[PDB]
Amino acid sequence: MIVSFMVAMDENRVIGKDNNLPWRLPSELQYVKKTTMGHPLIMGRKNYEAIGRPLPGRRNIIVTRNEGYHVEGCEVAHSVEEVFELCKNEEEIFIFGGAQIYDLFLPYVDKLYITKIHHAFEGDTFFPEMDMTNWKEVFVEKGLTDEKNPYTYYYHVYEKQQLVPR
């Protein structure tokens, strides 16, 4: 199973301001929708609640310690192992965020879809630092910038840097 991080962040790795997107880039979201069509979306409860609704055309799986937590049109998992069990036949899952959620899935991640927005917003949560030397870029693309998507941004995808034996 391919464990993938899906993330949008600013020049300082900001991913949230008071559980909200500091930016409004509809085209970026259309990218997320396109890229994740037909795969599980893995998210923390806070992230989910900030989104506000089941996002369709895909298994929304919310991750929380809270055993009583339920929401209609979604699944709830209480641990990483619970997520893997739920997704056992899945070919690729997308960790959708909550800084802590990315941390939980960090030792299993195979693939990074990162949108970098060229700006400094005001934020309170951050995409955790990562050593990118174990990572190799395989695709890049300048996102659409216009009246509705004010900022300049780029889609990046990374896979594992393969080591060459001594």
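Between two forms, the rigid core is the largest collection of C-alphas that superpose within 1.5 Å. A residue's number is simply how far along the shown sequence it sits, counting from 1.
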Returned stretch for higher CA RMS in 6 other deposited structures of this protein, core superposition, given 26-34 and 43-51, is 26-34
How do 144-152 and 15-23 compare in 6 other deposited structures of this protein: which one has C-alphas farther from this form after the rigid core is matched? 15-23
Comparing 115-123 with 57-65, the one whose average Cα B-factor in the PDB entry is higher: 57-65
Comparing 3-11 with 157-165, which stretch shows the greater average C-alpha B-factor in the deposited entry? 157-165
Tell me which of 110, 141, 131, 28 tops the list for C-alpha B factor in the record. 131
Relative to the other modelled residues of the same chain, rank the CA B-factor of residue 37 and answer lowest, middle or highest third. highest
Mind checking which third residue 76 falls in for C-alpha B-factor across the chain? middle
